[PDB]
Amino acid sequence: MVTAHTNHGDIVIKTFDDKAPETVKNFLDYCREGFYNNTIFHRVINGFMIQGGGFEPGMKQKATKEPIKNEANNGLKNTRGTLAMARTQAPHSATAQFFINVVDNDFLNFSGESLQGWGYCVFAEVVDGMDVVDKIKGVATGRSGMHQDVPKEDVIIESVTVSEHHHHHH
């Protein structure tokens, strides 16, 4: 279980270890190293998704490790409350940036291995704190650097904690 502790409250997340094993391992290594600590939701689009995991306040892009394989062909869908990996044009280019779907975004789902078919790999889902996600998705945005849709007031991920203990999210 992973918890993103934001300045607006906690987002509790369950990982799909069996269906996105290398994607989950990559994410939880970033979490454990403190990489998402003092980072922001830098791209917030109401009725679509909220995206973070790459930038400190003031839009300083954090250095990342080498990218991972795209595990999007795993049967998992970009439904409301899922987490998926952000990437650039090449399929195997995801590093640390991720996003929370705030509606079903079927057009993000794998449909094939052409550049245009690959889609975005789902690897986890919010199990508590969708109220916190719905607060974030509605905030005022503007341009910062080359980035569109950056909240005017920083939405800060203060820390992320990982637990492997028994839990009641069944």
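Residue numbers here begin at 1 and follow the sequence given.
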Avg C-alpha B-factor, entry values, 56 to 64 vs 35 to 43, higher side is 56 to 64
On average, are the C-alpha B-factors higher in 139 to 147 or in 120 to 128?
139 to 147
Among the modelled residues of its chain, the C-alpha B-factor of residue 3 falls in the third labelled lowest
Per the entry's values, where does residue 49 land by CA temperature factor relative to the rest of its chain, in the lowest, middle or highest third?
lowest
Pull the Cα B-factor of residue 133 out of the PDB entry and bin it into the chain's lowest, middle or highest third.
middle
For residue 89, does the deposited CA B-factor place it in the lowest, middle or highest third of the chain?
highest
